[PDB]
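Dumped query_33.pdb below, it's PDB, C-alpha atoms and all ligand atoms:
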ATOM      1  CA  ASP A  50     211.868 126.948 -23.544
ATOM      2  CA  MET A  51     209.933 130.194 -24.034
ATOM      3  CA  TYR A  52     207.348 130.887 -26.757
ATOM      4  CA  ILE A  53     205.181 133.783 -27.952
ATOM      5  CA  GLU A  54     201.400 133.917 -28.576
ATOM      6  CA  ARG A  55     199.598 136.835 -30.333
ATOM      7  CA  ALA A  56     197.223 138.728 -27.997
ATOM      8  CA  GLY A  57     195.967 141.654 -30.178
ATOM      9  CA  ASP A  58     196.449 144.721 -32.390
ATOM     10  CA  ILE A  59     198.141 147.863 -30.981
ATOM     11  CA  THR A  60     195.476 150.616 -31.243
ATOM     12  CA  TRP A  61     194.213 153.592 -29.233
ATOM     13  CA  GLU A  62     190.610 152.704 -28.189
ATOM     14  CA  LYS A  63     188.032 155.462 -27.792
ATOM     15  CA  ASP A  64     186.028 155.128 -24.556
ATOM     16  CA  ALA A  65     188.675 153.053 -22.731
ATOM     17  CA  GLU A  66     188.385 152.808 -18.899
ATOM     18  CA  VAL A  67     190.182 155.860 -17.325
ATOM     19  CA  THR A  68     192.062 155.312 -13.988
ATOM     20  CA  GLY A  69     195.346 155.760 -12.041
ATOM     21  CA  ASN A  70     196.914 158.868 -10.522
ATOM     22  CA  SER A  71     200.046 160.906 -11.738
ATOM     23  CA  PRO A  72     202.676 160.991  -8.911
ATOM     24  CA  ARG A  73     205.978 162.936  -9.085
ATOM     25  CA  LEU A  74     208.611 160.687  -7.515
ATOM     26  CA  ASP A  75     212.364 161.159  -7.000
ATOM     27  CA  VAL A  76     213.952 157.857  -8.062
ATOM     28  CA  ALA A  77     217.448 156.310  -8.698
ATOM     29  CA  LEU A  78     218.342 153.624 -11.275
ATOM     30  CA  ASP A  79     221.128 151.183 -10.333
ATOM     31  CA  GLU A  80     223.559 149.211 -12.589
ATOM     32  CA  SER A  81     221.224 146.161 -12.387
ATOM     33  CA  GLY A  82     218.289 148.071 -13.918
ATOM     34  CA  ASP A  83     216.402 148.415 -10.597
ATOM     35  CA  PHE A  84     214.651 151.676  -9.723
ATOM     36  CA  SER A  85     214.431 152.767  -6.100
ATOM     37  CA  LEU A  86     212.675 155.640  -4.258
ATOM     38  CA  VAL A  87     214.988 158.448  -3.090
ATOM     39  CA  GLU A  88     213.858 160.653  -0.151
TER      40      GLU A  88
ATOM     41  CA  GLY B  16     206.555 131.553 -37.437
ATOM     42  CA  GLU B  17     204.197 134.471 -36.715
ATOM     43  CA  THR B  18     205.698 137.857 -37.635
ATOM     44  CA  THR B  19     202.471 139.919 -37.726
ATOM     45  CA  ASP B  20     202.679 143.327 -35.976
ATOM     46  CA  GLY B  21     200.889 143.395 -32.589
ATOM     47  CA  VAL B  22     201.112 142.595 -28.850
ATOM     48  CA  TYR B  23     202.173 139.079 -27.756
ATOM     49  CA  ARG B  24     202.309 137.051 -24.543
ATOM     50  CA  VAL B  25     205.668 135.537 -23.539
ATOM     51  CA  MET B  26     205.089 132.017 -22.112
ATOM     52  CA  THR B  27     207.104 129.186 -20.556
ATOM     53  CA  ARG B  28     206.444 125.471 -19.948
ATOM     54  CA  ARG B  29     209.302 125.110 -17.320
ATOM     55  CA  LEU B  30     207.042 125.756 -14.296
ATOM     56  CA  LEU B  31     203.569 124.163 -13.581
ATOM     57  CA  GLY B  32     201.391 124.116 -16.735
ATOM     58  CA  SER B  33     201.879 127.050 -19.165
ATOM     59  CA  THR B  34     202.948 130.225 -17.347
ATOM     60  CA  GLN B  35     202.993 133.796 -18.735
ATOM     61  CA  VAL B  36     206.325 135.412 -17.727
ATOM     62  CA  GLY B  37     205.773 138.686 -19.651
ATOM     63  CA  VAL B  38     204.502 140.492 -22.810
ATOM     64  CA  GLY B  39     206.073 142.099 -25.908
ATOM     65  CA  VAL B  40     205.568 144.056 -29.164
ATOM     66  CA  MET B  41     206.203 142.841 -32.721
ATOM     67  CA  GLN B  42     206.847 145.827 -35.042
ATOM     68  CA  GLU B  43     208.644 145.813 -38.421
ATOM     69  CA  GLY B  44     209.673 142.142 -37.939
ATOM     70  CA  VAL B  45     211.392 142.868 -34.588
ATOM     71  CA  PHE B  46     210.152 141.525 -31.229
ATOM     72  CA  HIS B  47     210.571 144.083 -28.343
ATOM     73  CA  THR B  48     210.271 143.108 -24.671
ATOM     74  CA  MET B  49     211.852 143.841 -21.240
ATOM     75  CA  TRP B  50     215.186 142.079 -20.414
ATOM     76  CA  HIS B  51     213.921 140.746 -17.067
ATOM     77  CA  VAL B  52     211.090 138.808 -18.894
ATOM     78  CA  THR B  53     213.406 136.570 -21.055
ATOM     79  CA  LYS B  54     216.889 137.125 -19.429
ATOM     80  CA  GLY B  55     218.139 137.349 -23.079
ATOM     81  CA  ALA B  56     217.112 133.750 -23.956
ATOM     82  CA  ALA B  57     215.946 132.564 -27.438
ATOM     83  CA  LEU B  58     212.196 132.520 -28.151
ATOM     84  CA  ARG B  59     209.942 130.227 -30.190
ATOM     85  CA  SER B  60     207.060 131.360 -32.452
ATOM     86  CA  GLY B  61     205.335 128.166 -33.608
ATOM     87  CA  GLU B  62     208.162 126.346 -35.407
ATOM     88  CA  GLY B  63     210.289 129.507 -35.992
ATOM     89  CA  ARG B  64     213.072 130.751 -33.710
ATOM     90  CA  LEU B  65     213.656 134.373 -32.543
ATOM     91  CA  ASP B  66     217.273 135.117 -31.520
ATOM     92  CA  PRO B  67     218.265 138.130 -29.332
ATOM     93  CA  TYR B  68     219.787 140.973 -31.393
ATOM     94  CA  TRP B  69     220.316 143.782 -28.867
ATOM     95  CA  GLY B  70     219.903 144.062 -25.120
ATOM     96  CA  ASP B  71     220.826 146.150 -22.110
ATOM     97  CA  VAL B  72     220.224 145.132 -18.439
ATOM     98  CA  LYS B  73     220.382 148.793 -17.254
ATOM     99  CA  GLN B  74     217.673 149.971 -19.690
ATOM    100  CA  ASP B  75     215.885 146.598 -18.946
ATOM    101  CA  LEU B  76     215.154 146.160 -22.702
ATOM    102  CA  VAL B  77     215.866 143.522 -25.393
ATOM    103  CA  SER B  78     215.042 143.183 -29.131
ATOM    104  CA  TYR B  79     214.878 139.973 -31.292
ATOM    105  CA  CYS B  80     215.519 139.599 -35.137
ATOM    106  CA  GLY B  81     216.714 143.192 -35.517
ATOM    107  CA  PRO B  82     217.522 146.471 -33.799
ATOM    108  CA  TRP B  83     215.053 148.326 -31.519
ATOM    109  CA  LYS B  84     212.346 149.966 -33.767
ATOM    110  CA  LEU B  85     210.172 151.875 -31.208
ATOM    111  CA  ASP B  86     211.023 155.602 -31.150
ATOM    112  CA  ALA B  87     207.797 157.473 -30.239
ATOM    113  CA  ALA B  88     207.973 159.577 -27.047
ATOM    114  CA  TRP B  89     205.453 160.718 -24.381
ATOM    115  CA  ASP B  90     204.731 164.447 -24.998
ATOM    116  CA  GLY B  91     204.809 165.167 -21.214
ATOM    117  CA  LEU B  92     201.244 166.503 -21.300
ATOM    118  CA  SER B  93     198.628 164.114 -22.720
ATOM    119  CA  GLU B  94     196.924 161.007 -21.330
ATOM    120  CA  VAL B  95     198.177 157.651 -22.652
ATOM    121  CA  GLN B  96     196.885 154.083 -22.833
ATOM    122  CA  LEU B  97     198.452 151.025 -21.252
ATOM    123  CA  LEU B  98     197.526 148.082 -23.533
ATOM    124  CA  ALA B  99     197.529 145.639 -20.626
ATOM    125  CA  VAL B 100     197.910 141.884 -21.381
ATOM    126  CA  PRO B 101     197.364 140.096 -18.027
ATOM    127  CA  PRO B 102     198.008 136.364 -17.510
ATOM    128  CA  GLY B 103     194.996 134.265 -18.642
ATOM    129  CA  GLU B 104     193.004 137.449 -19.417
ATOM    130  CA  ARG B 105     192.147 139.338 -22.634
ATOM    131  CA  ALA B 106     194.130 142.420 -23.823
ATOM    132  CA  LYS B 107     192.518 145.539 -22.274
ATOM    133  CA  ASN B 108     193.225 149.269 -22.884
ATOM    134  CA  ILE B 109     193.508 151.420 -19.766
ATOM    135  CA  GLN B 110     193.739 155.185 -20.066
ATOM    136  CA  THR B 111     195.764 157.197 -17.549
ATOM    137  CA  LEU B 112     197.688 160.517 -17.219
ATOM    138  CA  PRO B 113     201.357 159.725 -16.468
ATOM    139  CA  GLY B 114     203.236 160.906 -13.434
ATOM    140  CA  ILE B 115     207.018 161.570 -13.442
ATOM    141  CA  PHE B 116     210.144 159.720 -12.324
ATOM    142  CA  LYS B 117     212.675 162.493 -11.469
ATOM    143  CA  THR B 118     216.252 161.209 -11.751
ATOM    144  CA  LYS B 119     219.787 162.648 -11.635
ATOM    145  CA  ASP B 120     219.893 161.957 -15.439
ATOM    146  CA  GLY B 121     216.570 163.609 -16.336
ATOM    147  CA  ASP B 122     212.785 163.144 -16.106
ATOM    148  CA  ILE B 123     210.847 160.066 -17.418
ATOM    149  CA  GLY B 124     207.067 159.552 -17.610
ATOM    150  CA  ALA B 125     205.572 156.973 -15.239
ATOM    151  CA  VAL B 126     202.257 155.082 -15.215
ATOM    152  CA  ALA B 127     200.550 154.351 -11.873
ATOM    153  CA  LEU B 128     198.740 151.096 -12.700
ATOM    154  CA  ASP B 129     198.939 147.766 -10.852
ATOM    155  CA  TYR B 130     199.016 144.386 -12.661
ATOM    156  CA  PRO B 131     200.605 140.933 -11.946
ATOM    157  CA  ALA B 132     204.364 140.625 -12.799
ATOM    158  CA  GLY B 133     203.618 138.563 -15.957
ATOM    159  CA  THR B 134     202.087 141.756 -17.491
ATOM    160  CA  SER B 135     205.698 143.268 -17.793
ATOM    161  CA  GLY B 136     206.393 144.320 -21.383
ATOM    162  CA  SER B 137     202.808 145.512 -22.155
ATOM    163  CA  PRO B 138     203.018 148.564 -24.509
ATOM    164  CA  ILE B 139     202.103 152.180 -23.590
ATOM    165  CA  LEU B 140     200.517 154.099 -26.505
ATOM    166  CA  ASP B 141     199.998 157.669 -27.738
ATOM    167  CA  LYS B 142     196.772 159.028 -29.381
ATOM    168  CA  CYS B 143     197.991 157.842 -32.861
ATOM    169  CA  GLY B 144     198.521 154.285 -31.602
ATOM    170  CA  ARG B 145     202.346 154.629 -31.543
ATOM    171  CA  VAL B 146     204.257 152.707 -28.849
ATOM    172  CA  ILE B 147     205.917 155.317 -26.548
ATOM    173  CA  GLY B 148     207.374 152.664 -24.209
ATOM    174  CA  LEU B 149     206.958 149.413 -22.264
ATOM    175  CA  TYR B 150     205.343 148.927 -18.824
ATOM    176  CA  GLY B 151     206.977 146.728 -16.153
ATOM    177  CA  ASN B 152     210.112 148.336 -14.648
ATOM    178  CA  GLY B 153     209.391 150.561 -11.688
ATOM    179  CA  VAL B 154     208.885 151.000  -7.911
ATOM    180  CA  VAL B 155     206.461 150.054  -5.078
ATOM    181  CA  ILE B 156     205.337 153.281  -3.362
ATOM    182  CA  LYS B 157     204.502 154.119   0.367
ATOM    183  CA  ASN B 158     200.949 152.695   0.002
ATOM    184  CA  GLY B 159     201.974 149.384  -1.685
ATOM    185  CA  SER B 160     200.871 150.618  -5.155
ATOM    186  CA  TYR B 161     203.069 149.868  -8.223
ATOM    187  CA  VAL B 162     204.359 152.744 -10.410
ATOM    188  CA  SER B 163     206.200 151.773 -13.636
ATOM    189  CA  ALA B 164     208.537 153.955 -15.764
ATOM    190  CA  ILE B 165     207.505 154.511 -19.403
ATOM    191  CA  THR B 166     210.634 152.575 -20.628
ATOM    192  CA  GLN B 167     211.668 153.456 -24.229
ATOM    193  CA  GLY B 168     214.755 152.374 -26.255
ATOM    194  CA  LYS B 169     216.764 154.285 -28.857
ATOM    195  CA  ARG B 170     216.216 153.633 -32.585
ATOM    196  CA  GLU B 171     219.555 153.778 -34.507
TER     197      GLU B 171
HETATM  198  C1  LIG A 201     203.969 144.258 -14.318
HETATM  199  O1  LIG A 201     205.221 144.787 -13.879
HETATM  200  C2  LIG A 201     205.669 144.410 -12.667
HETATM  201  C3  LIG A 201     207.018 144.079 -12.569
HETATM  202  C4  LIG A 201     207.416 143.709 -11.299
HETATM  203  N1  LIG A 201     206.603 143.665 -10.229
HETATM  204  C5  LIG A 201     205.331 144.023 -10.459
HETATM  205  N2  LIG A 201     204.485 144.051  -9.384
HETATM  206  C6  LIG A 201     204.952 144.323  -8.018
HETATM  207  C7  LIG A 201     204.229 143.446  -7.006
HETATM  208  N3  LIG A 201     203.123 142.650  -7.618
HETATM  209  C8  LIG A 201     202.245 143.475  -8.493
HETATM  210  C9  LIG A 201     203.040 144.278  -9.518
HETATM  211  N4  LIG A 201     204.827 144.392 -11.646
END
Could you quickly redo this structure as structure tokens?
Ligand SMILES: COc1ccnc(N2CCNCC2)n1
Amino acid sequence: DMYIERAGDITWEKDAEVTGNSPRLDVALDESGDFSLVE
Amino acid sequence: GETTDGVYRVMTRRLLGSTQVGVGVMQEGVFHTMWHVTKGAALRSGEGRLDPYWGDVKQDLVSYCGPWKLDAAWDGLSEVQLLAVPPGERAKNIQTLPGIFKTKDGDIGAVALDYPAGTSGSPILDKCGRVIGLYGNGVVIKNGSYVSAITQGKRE
């Protein structure tokens, strides 16, 4: 059986660590909810 | 059980020890997570029981105790924060500028951050702290990096 446990408040935090890039990707979404890369 | 607004871990005792299978958001008495985390199954919150109310495998979303409540949207311009809740680790805000998933049905924001699979369902926030979507349904790109869609449901 599955259970939930609280992990925190939902807030924007000033001075959070900034990382990750911003790619533009052509994708497809199938009937099963899976995304795939289209080229 | 616990109905306080906030971010929650989704756990199971079926495998070895206690295992985190995903994450979710409690807002206005409704629990919001990704479909692939629970497969639509009932959830426990202490001694209380959360039953599925709405779900869709194609959107990869599910709500418990009521209809989907999250309706904020990425503005297509500003940086956002992934409120990451990794297995066995503390909740941690990570700021990033989203990329784009271009599809035949329109464009969707995407966050290029890599976390273990049990982090699926962690909320993505705007500058006012509003949940603009959930992290955890995406693609593995050419370099092995994970890129998730900013997945948002519709509020009726
Ligand atoms: C947190 O969301 C998800 C969902 C599915 N797979 C993943 N991976 C892909 C491979 N392992 C690292 C990240 N993350």
Which is closer to chain A than all the others in B:17, B:171, B:90, B:66, using all atoms listed in the file? B:17
Environment of ligand LIG 201 (chain A) within 10 Å, counting only C-alpha atoms and all ligand atoms, reported as JSON, numbers by chain: {"B": [36, 37, 38, 49, 51, 52, 99, 100, 101, 128, 129, 130, 131, 132, 133, 134, 135, 136, 137, 149, 150, 151, 152, 153, 154, 155, 159, 160, 161, 162, 163, 164]}
Which neighbours of segment 52-62 of chain A fall inside 7 Å, counting only C-alpha atoms, when residues of the same chain fewer than 4 positions from it are skipped, and could you give them as an MDAnalysis selection string? chainID B and resid 21:27 58:60 96 106 108 140 142:144
May I have the residues from that selection written out with C-alpha atoms, as a compact mmCIF listing (two decimals), in the coordinates of the input?
# COMPACT_ATOMS: atom_id res chain seq x y z
CA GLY B 21 200.89 143.40 -32.59
CA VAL B 22 201.11 142.60 -28.85
CA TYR B 23 202.17 139.08 -27.76
CA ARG B 24 202.31 137.05 -24.54
CA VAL B 25 205.67 135.54 -23.54
CA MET B 26 205.09 132.02 -22.11
CA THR B 27 207.10 129.19 -20.56
CA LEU B 58 212.20 132.52 -28.15
CA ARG B 59 209.94 130.23 -30.19
CA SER B 60 207.06 131.36 -32.45
CA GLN B 96 196.88 154.08 -22.83
CA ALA B 106 194.13 142.42 -23.82
CA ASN B 108 193.22 149.27 -22.88
CA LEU B 140 200.52 154.10 -26.50
CA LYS B 142 196.77 159.03 -29.38
CA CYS B 143 197.99 157.84 -32.86
CA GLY B 144 198.52 154.28 -31.60
Return as lines of an AutoDock Vina configuration file the box centre and box size in Å, one decimal, for an axis-aligned box around all listed atoms of segment 32-45 of chain B padded by 6 Å per side.
center_x = 206.4
center_y = 135.0
center_z = -27.6
size_x = 22.0
size_y = 33.7
size_z = 33.7
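When all atoms listed in the file are used to compute distances to residue 68 of chain B, the closest of the residues B:141, B:56, B:82, B:148 turns out to be B:82.
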Apply the PyMOL selection byres (((chain A and resi 77) around 8) and not hetatm) to the structure shown and report the selected residues as a list in words. residues 75, 76, 78, 79, 84, 85, 86 and 87 of chain A; 118 and 119 of chain B
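Distance-wise, atom CA of residue 16 of chain B and atom CA of residue 62 of chain B end up 5.8 Å apart.
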Would you pick out the contacts of residue 167 of chain B at 12 Å or less, using only C-alpha atoms, so that residues sharing its chain but fewer than 2 positions from it are not included, and give the list as a ChimeraX atom specification? /B:47-49,71,74-78,83-89,123-125,136,138-140,145-152,164-165,169-170
Output C-alpha atoms for every residue in the selection just made, as a PDB file, in the frame of the given file.
ATOM      1  CA  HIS B  47     210.571 144.083 -28.343  1.00  0.00           C
ATOM      2  CA  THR B  48     210.271 143.108 -24.671  1.00  0.00           C
ATOM      3  CA  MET B  49     211.852 143.841 -21.240  1.00  0.00           C
ATOM      4  CA  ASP B  71     220.826 146.150 -22.110  1.00  0.00           C
ATOM      5  CA  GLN B  74     217.673 149.971 -19.690  1.00  0.00           C
ATOM      6  CA  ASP B  75     215.885 146.598 -18.946  1.00  0.00           C
ATOM      7  CA  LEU B  76     215.154 146.160 -22.702  1.00  0.00           C
ATOM      8  CA  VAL B  77     215.866 143.522 -25.393  1.00  0.00           C
ATOM      9  CA  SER B  78     215.042 143.183 -29.131  1.00  0.00           C
ATOM     10  CA  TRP B  83     215.053 148.326 -31.519  1.00  0.00           C
ATOM     11  CA  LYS B  84     212.346 149.966 -33.767  1.00  0.00           C
ATOM     12  CA  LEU B  85     210.172 151.875 -31.208  1.00  0.00           C
ATOM     13  CA  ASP B  86     211.023 155.602 -31.150  1.00  0.00           C
ATOM     14  CA  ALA B  87     207.797 157.473 -30.239  1.00  0.00           C
ATOM     15  CA  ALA B  88     207.973 159.577 -27.047  1.00  0.00           C
ATOM     16  CA  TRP B  89     205.453 160.718 -24.381  1.00  0.00           C
ATOM     17  CA  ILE B 123     210.847 160.066 -17.418  1.00  0.00           C
ATOM     18  CA  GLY B 124     207.067 159.552 -17.610  1.00  0.00           C
ATOM     19  CA  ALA B 125     205.572 156.973 -15.239  1.00  0.00           C
ATOM     20  CA  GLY B 136     206.393 144.320 -21.383  1.00  0.00           C
ATOM     21  CA  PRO B 138     203.018 148.564 -24.509  1.00  0.00           C
ATOM     22  CA  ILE B 139     202.103 152.180 -23.590  1.00  0.00           C
ATOM     23  CA  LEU B 140     200.517 154.099 -26.505  1.00  0.00           C
ATOM     24  CA  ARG B 145     202.346 154.629 -31.543  1.00  0.00           C
ATOM     25  CA  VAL B 146     204.257 152.707 -28.849  1.00  0.00           C
ATOM     26  CA  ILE B 147     205.917 155.317 -26.548  1.00  0.00           C
ATOM     27  CA  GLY B 148     207.374 152.664 -24.209  1.00  0.00           C
ATOM     28  CA  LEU B 149     206.958 149.413 -22.264  1.00  0.00           C
ATOM     29  CA  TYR B 150     205.343 148.927 -18.824  1.00  0.00           C
ATOM     30  CA  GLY B 151     206.977 146.728 -16.153  1.00  0.00           C
ATOM     31  CA  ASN B 152     210.112 148.336 -14.648  1.00  0.00           C
ATOM     32  CA  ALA B 164     208.537 153.955 -15.764  1.00  0.00           C
ATOM     33  CA  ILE B 165     207.505 154.511 -19.403  1.00  0.00           C
ATOM     34  CA  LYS B 169     216.764 154.285 -28.857  1.00  0.00           C
ATOM     35  CA  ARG B 170     216.216 153.633 -32.585  1.00  0.00           C
TER      36      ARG B 170
END
Please indicate the distance in Å from atom CA of residue 73 of chain A to atom CA of residue 120 of chain B, rounded to one decimal place.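 About the pair atom CA of residue 73 of chain A and atom CA of residue 120 of chain B: they are 15.3 Å apart.
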Distance criterion (only C-alpha atoms): nearest to chain A out of B:102, B:158, B:29, B:91: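 So, comparing all the options, the nearest one is B:29.
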Among the residues B:44, B:20, B:72, B:32, the one that comes closest to residue 82 of chain A [using all atoms listed in the file]: B:72
If the PyMOL selection byres (((chain A and resi 67) around 6) and not hetatm) is run on the structure shown, which residues does it catch, given as a PDB file with C-alpha atoms, in the frame of the given file?
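After the write, expr_12.pdb holds the following:
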ATOM      1  CA  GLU A  66     188.385 152.808 -18.899  1.00  0.00           C
ATOM      2  CA  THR A  68     192.062 155.312 -13.988  1.00  0.00           C
TER       3      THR A  68
ATOM      4  CA  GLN B 110     193.739 155.185 -20.066  1.00  0.00           C
ATOM      5  CA  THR B 111     195.764 157.197 -17.549  1.00  0.00           C
TER       6      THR B 111
END
Report, in Å with one decimal, the straight-line distance from atom CA of residue 95 of chain B to atom CA of residue 70 of chain B.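 Atom-to-atom, atom CA of residue 95 of chain B to atom CA of residue 70 of chain B, that is 25.7 Å.
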Counting all atoms listed in the file, what is within 9 Å of residue 81 of chain B, bar same-chain residues fewer than 6 positions away, as a PyMOL selection string? chain B and resi 43-46+67-69
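With all atoms listed in the file as the atoms that count, the residue of A:81, A:74, A:64, A:50 with the shortest distance to residue 122 of chain B is A:74.
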Generate the coordinates of N, CA, C and O atoms for segment 73-88 of chain A; report them as a short mmCIF file (atom, residue, chain, number, x, y, z; two decimals), in the coordinates of the input.
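Here's the written file result-v4.cif:
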data_model
loop_
_atom_site.label_atom_id
_atom_site.label_comp_id
_atom_site.auth_asym_id
_atom_site.auth_seq_id
_atom_site.Cartn_x
_atom_site.Cartn_y
_atom_site.Cartn_z
N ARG A 73 204.64 162.45 -8.74
CA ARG A 73 205.98 162.94 -9.09
C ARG A 73 206.89 162.33 -8.03
O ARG A 73 206.72 162.60 -6.84
N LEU A 74 207.77 161.43 -8.45
CA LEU A 74 208.61 160.69 -7.52
C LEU A 74 210.08 160.85 -7.82
O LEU A 74 210.47 160.68 -8.96
N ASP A 75 210.92 161.09 -6.80
CA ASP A 75 212.36 161.16 -7.00
C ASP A 75 212.88 159.73 -6.92
O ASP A 75 212.70 159.07 -5.90
N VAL A 76 213.46 159.23 -8.02
CA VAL A 76 213.95 157.86 -8.06
C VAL A 76 215.43 157.79 -8.51
O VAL A 76 215.97 158.78 -9.03
N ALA A 77 216.08 156.63 -8.29
CA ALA A 77 217.45 156.31 -8.70
C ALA A 77 217.43 154.99 -9.46
O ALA A 77 216.60 154.14 -9.17
N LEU A 78 218.30 154.84 -10.46
CA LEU A 78 218.34 153.62 -11.28
C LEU A 78 219.74 153.03 -11.10
O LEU A 78 220.74 153.72 -11.37
N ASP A 79 219.83 151.80 -10.58
CA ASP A 79 221.13 151.18 -10.33
C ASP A 79 221.68 150.44 -11.58
O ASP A 79 221.01 150.34 -12.61
N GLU A 80 222.92 149.92 -11.49
CA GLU A 80 223.56 149.21 -12.59
C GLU A 80 222.80 147.94 -13.00
O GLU A 80 222.91 147.51 -14.15
N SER A 81 222.02 147.35 -12.08
CA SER A 81 221.22 146.16 -12.39
C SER A 81 219.87 146.46 -13.01
O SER A 81 219.10 145.53 -13.21
N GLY A 82 219.58 147.73 -13.31
CA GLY A 82 218.29 148.07 -13.92
C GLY A 82 217.14 148.19 -12.93
O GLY A 82 215.98 148.28 -13.34
N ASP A 83 217.45 148.26 -11.62
CA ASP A 83 216.40 148.42 -10.60
C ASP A 83 216.22 149.86 -10.15
O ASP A 83 217.18 150.54 -9.76
N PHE A 84 214.98 150.34 -10.20
CA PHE A 84 214.65 151.68 -9.72
C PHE A 84 214.40 151.59 -8.22
O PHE A 84 213.89 150.59 -7.72
N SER A 85 214.70 152.68 -7.52
CA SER A 85 214.43 152.77 -6.10
C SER A 85 213.97 154.18 -5.73
O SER A 85 214.38 155.14 -6.38
N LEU A 86 213.13 154.32 -4.69
CA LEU A 86 212.68 155.64 -4.26
C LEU A 86 213.74 156.35 -3.44
O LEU A 86 214.25 155.80 -2.47
N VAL A 87 214.04 157.60 -3.81
CA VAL A 87 214.99 158.45 -3.09
C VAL A 87 214.20 159.48 -2.27
O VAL A 87 213.24 160.06 -2.78
N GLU A 88 214.55 159.67 -0.99
CA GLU A 88 213.86 160.65 -0.15
C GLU A 88 214.85 161.54 0.62
O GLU A 88 215.96 161.81 0.14
#
